[PDB]
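Protein chains: 6
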Amino acid sequence: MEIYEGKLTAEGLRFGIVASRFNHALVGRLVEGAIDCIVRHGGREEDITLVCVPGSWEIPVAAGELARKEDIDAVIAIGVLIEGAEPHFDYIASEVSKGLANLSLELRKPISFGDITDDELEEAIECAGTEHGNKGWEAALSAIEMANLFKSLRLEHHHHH
Amino acid sequence: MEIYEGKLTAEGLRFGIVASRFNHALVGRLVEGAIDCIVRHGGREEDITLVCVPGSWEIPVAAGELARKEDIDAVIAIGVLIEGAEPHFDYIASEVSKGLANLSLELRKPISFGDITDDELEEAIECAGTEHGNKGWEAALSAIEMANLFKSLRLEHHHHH
Amino acid sequence: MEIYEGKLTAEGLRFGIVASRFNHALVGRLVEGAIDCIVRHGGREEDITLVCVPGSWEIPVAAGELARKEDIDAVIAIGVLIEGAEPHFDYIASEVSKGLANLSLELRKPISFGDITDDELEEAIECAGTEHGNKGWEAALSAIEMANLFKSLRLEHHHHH
Amino acid sequence: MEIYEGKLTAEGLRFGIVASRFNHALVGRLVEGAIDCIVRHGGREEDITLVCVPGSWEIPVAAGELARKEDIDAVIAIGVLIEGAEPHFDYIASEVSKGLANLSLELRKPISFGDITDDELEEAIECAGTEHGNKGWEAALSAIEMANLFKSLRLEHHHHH
Amino acid sequence: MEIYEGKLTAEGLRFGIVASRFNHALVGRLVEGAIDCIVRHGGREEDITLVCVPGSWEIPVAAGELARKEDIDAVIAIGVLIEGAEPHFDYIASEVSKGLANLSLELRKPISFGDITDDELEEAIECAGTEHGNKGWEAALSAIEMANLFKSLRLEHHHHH
Amino acid sequence: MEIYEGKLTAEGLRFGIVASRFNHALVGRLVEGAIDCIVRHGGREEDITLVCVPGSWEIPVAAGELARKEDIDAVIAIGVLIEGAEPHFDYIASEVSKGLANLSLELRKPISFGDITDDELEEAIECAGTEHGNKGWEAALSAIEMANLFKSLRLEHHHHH
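Residue numbers (the deposited numbering), protein chains in the order written: chain 0D, 1 to 161; chain 0C, 1 to 161; chain 0B, 1 to 161; chain AD, 1 to 161; chain AC, 1 to 161; chain aC, 1 to 161.
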């Protein structure tokens, strides 16, 4: 049986990172969370690319830019949404949610949802902590597994040729 | 690492402004705040493109033209939705969110969201004084940063070229 | 500064009108109002294009055709949805809201929303006589402004050329 | 009428920063607050100058050094005073307050009071937060506006010559 | 960025010490702590200049001479004000604060403030043991850092010269 | 500054695994998790050395041989001590801690501590599912990082040579 999965070795991959700077009290923590899991899983960082924007709203349009470059294999969503305004948390969270999704099906490039949607500030204190459930740590890893996977898909296509 | 973010200088930039005239008593308040922050951050006010429409519904179709100009770098969404007609606030406001979203993702050109969602008119008037919650003040500023960012994105591509 | 808007003259213009025939009691009354504003506000009726269909479902597919003809400048969407069957008013009305929306944004052509959501025939009669509240009348007005506005956008585009 | 005010573009300006390292739990936050508003308002940072001292007491003598150099246009006061001892909070706060003031009238150079005088540790947690009321953000901006202003004063003097 | 701060090596530095002999039972305690930290941080104790005066009042006029020596790099203020005479504690202590302040700002030479403000004598004796709240210990250390800082300031000027 | 830390690639590394067969119902669970994370992080499973012993006591003497191989870079301690015999849990478990400690310090070769200390068997079974508290999962990962670290330590010595 033909099976594809991914090792977690970040050797050879060049990554995309988009970060909101709204409530940077948690964003700095996650941003580093991803960079860590990247390089501490073997990947170099001169190939990582970080773009910063105002708020959760703009993350879509940025990733769409990042995924279109030839030399970015996978892109990491990064933001924190605190229930500040229900128009902005319900609409902007689902709109970016689906929005990123449709980018990926469209550009054929893996996007991880590195968002911490906390209903309260306390849930915001739990997930950027010590237990190594640093959402950036995790979504960074999902991206590496998906990076080596689509490198496993397209490699098992291009080299077999 | 290769990082991109935008400064807020409005020099050399030509902006888009779309305006609903539903609830004009505060709308005038907003565009003032908008063009204010634009011009103060150094950008000339003759490159502003300002378009007027009836109610919140046409907000999309206007901007869609504004962006397809080669010479409008970013567009500032401006309108007010007060709960007048609740079928019109759920469908029109969310459709404003999505419609603007997908135009920006599509044209790869940023559109800010100068949208004041007030239930009561007093919460509007309170927020345009000197604390600059003049939502246009900020939606203008976001548009500047994103403007310089895509001019930072694509220009680090075309000059390195 | 450069400001774009649209006057209320229907001169030089060719419109679209799409009509459902469910509850036609009220449709007669509203298309009447719609054609009142066009011809009274400067238009000749010789270029009013009237397409009729069964029920509210088929509204989109029609206007999409009326918008792909070169010589239809704006399409006046007109139909009545009354809370008969909750499956059909929720999903079908939002599918009209959205369906029309993405039409105009795609095609870059103004289509306005003359859809009266009412609960009783008596609410229709009130608006039919003389209360200056024929919602098709208003949809005809909004579309006139958008037509002359887009004639103001597109004509200030091609004349300065 | 002859009017002078300032845009906020930090292009061409070289700044002064003095920082107390007492209660650095908030000082790091503000220090970055100023640097941000500087470079994200266009200013380069190779021209910023940072000097660090023990406590609030020494900020005067340092700014007096910084303002006397030819190539520093504006200087940013930075410190946090927590009501630790009433001899030291009443005397050192008013003494630096007036002390900085007399420096500026004397060296003819603008000094912003970038101090957070918190009566409690809770007020210390409020002002270094997310709402973009990061006292360093603000006093940095006051300095840029005053920097371009005295560049507007002395420029409207020196070039008219 | 160009940043300046001082290390604490006392090597190559010649210090000033002014001492009130009002309340000498703890004053001896202090200067010990002072010269201690000076000499331990590597600086030789023969370059110390130690001046004795009656009560707290003359503290200023002494230092003012000490600084006008070319060869005293910094001066350590040392005296104790216990609430003995409250007209003498408000006016003399605050005048010590201001007078020393303005001498330092004037001569552009730092003067630390080894001032113990005790209401009760027991809070004095408790703070000179091994936890080094020996206020002289610290006022000495501040003077070192500021000493190396102005020797860092003006020497990065005269050697780059 | 010269900083050393290890990435987690298992490529080019040959590992040690020592296993007690006291309480084998969960021990099999562990080594699975161990070799899993080893092989997934890119390292080949034929360089694994796996040694089986009776109860927790021999855990030391086994590893002591495993390390004295030139070609085992690190060794993974694996065993389970459930409170069965409390004289055997105090003396054997602590002696496992010290004995392994001193072998690692002595041979200058790292030995991880895949030791599950469960009082109840249910707390064991709960922690081997997908949250990867599969203590072997982690003790394996620590061994990788330390492996690459000493290969980072001594190799930054022998190649700079």
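Think of the CB as a built atom: it goes at the ideal place given N, C-alpha and C, for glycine as much as any other residue.
With contact defined as three or more Cβ pairs closer than 8 Å, the stretch 72-83 of chain AC and the stretch 72-84 of chain AD are not in contact.
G16 (chain AC) is bridged by DSSP to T49 (chain AC) and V75 (chain AC). For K135 (chain AD), the closest Cβ of chain 0C is not nearer than 8 Å. For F89 (chain AD), the enclosing alpha helix (DSSP H) covers residues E86 to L107. The Cβ atoms of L50 (chain AD) and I3 (chain AD) do not sit closer than 8 Å to each other.
Along the stretch 81-96 of chain 0D, the positions whose C-beta sits under 7 Å from a C-beta of chain 0C are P87, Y91 and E95, read in chain order.
The CB of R40 (chain AD) comes closer than 9 Å to the CB of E5, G6, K7, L8 and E145 in chain 0C, given here in chain order. A Cβ-Cβ distance of about 7 Å is found for the pair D73 (chain AC) and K151 (chain AC), placing them in contact under the 8 Å criterion. Under the criterion of beta carbons closer than 8 Å, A143 (chain 0D) and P110 (chain 0D) qualify as touching, at roughly 6 Å. For the set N134 (chain 0B), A25 (chain 0B) and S94 (chain 0B), the Cα lying nearest the Cα of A34 (chain 0B) is the one of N134 (chain 0B). Taking 8 Å as the cut-off, the beta carbon of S20 (chain aC) is found closer than this to the beta carbon of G55 (chain aC). Assignment of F150 (chain 0D) by DSSP, reduced to helix, strand and coil, places it in the helix class. Nearest to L141 (chain 0B) by alpha-carbon distance, out of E5 (chain 0B), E45 (chain 0B) and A10 (chain 0B), is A10 (chain 0B). Against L105 (chain 0C), the close residues of chain 0D are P60, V61, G64 and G99, in the order they occur along the chain (beta-carbon pairs closer than 7 Å).
In the structure shown, the three-state DSSP call for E2 (chain 0C) is strand.
Around the CB of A25 (chain AC), fewer than 16 other CB atoms lie within 10 Å, so the residue is classed as exposed. Among the residues facing chain 0B, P54 (chain 0C) is included, as its CB has a counterpart in that chain under 8 Å away. For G43 (chain 0C), no alpha helix (DSSP H) run applies, since DSSP gives it neither H nor E. Taken through DSSP and simplified to helix, strand or coil, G114 (chain 0B) comes out as strand. Taking the Cβ atoms as the reference, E58 (chain 0D) lies roughly 13 Å from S97 (chain 0C), outside the contact range of under 8 Å. Around the C-beta of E145 (chain 0C), 16 or more other C-beta atoms lie within 10 Å, and the residue is accordingly described as buried. In this structure, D71 (chain AD) places its C-beta atom within 8 Å of the C-beta atom of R14 (chain AD). Here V80 (chain 0B) is bridged, per DSSP, to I116 (chain 0B). One thing to note: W137 (chain AD) has its Cβ no nearer than 8 Å to the Cβ of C52 (chain AD). The criterion of a C-beta distance shorter than 8 Å is satisfied by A67 (chain 0B) and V75 (chain 0B).
Relative to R44 (chain 0B), the option among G12 (chain 0B), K7 (chain 0B), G28 (chain 0B) and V27 (chain 0B) whose CA is nearest is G12 (chain 0B). Sequence-distant Cβ neighbours of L107 (chain aC) in its own chain, meaning closer than 6 Å and more than five residues away, are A67. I116 (chain 0B) sits away from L8 (chain 0B), with the two beta carbons spaced by 8 Å or more.
Taking 7 Å as the cut-off between beta carbons, none of the residues of the stretch 15-32 of chain 0C comes near chain 0B. In the DSSP assignment, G133 (chain 0D) falls outside any alpha helix (DSSP H) and carries neither an H nor an E.
Of the candidates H132 (chain AD), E46 (chain AD) and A128 (chain AD), the residue whose Cα lies closest to the Cα of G28 (chain AD) is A128 (chain AD). Non-local beta-carbon contacts of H41 (chain aC) in its own chain, meaning distances under 7 Å to residues more than five positions away in sequence, involve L8, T9, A10 and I144 in chain order. Closer than 8 Å to the CB of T130 (chain AC) there is not a single CB belonging to chain AD. Around the CB of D119 (chain AD), fewer than 16 other CB atoms lie within 10 Å, so the residue is classed as exposed. Rounded to the nearest whole angstrom, the C-alpha separation of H88 (chain AC) and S112 (chain AC) is 21 Å.
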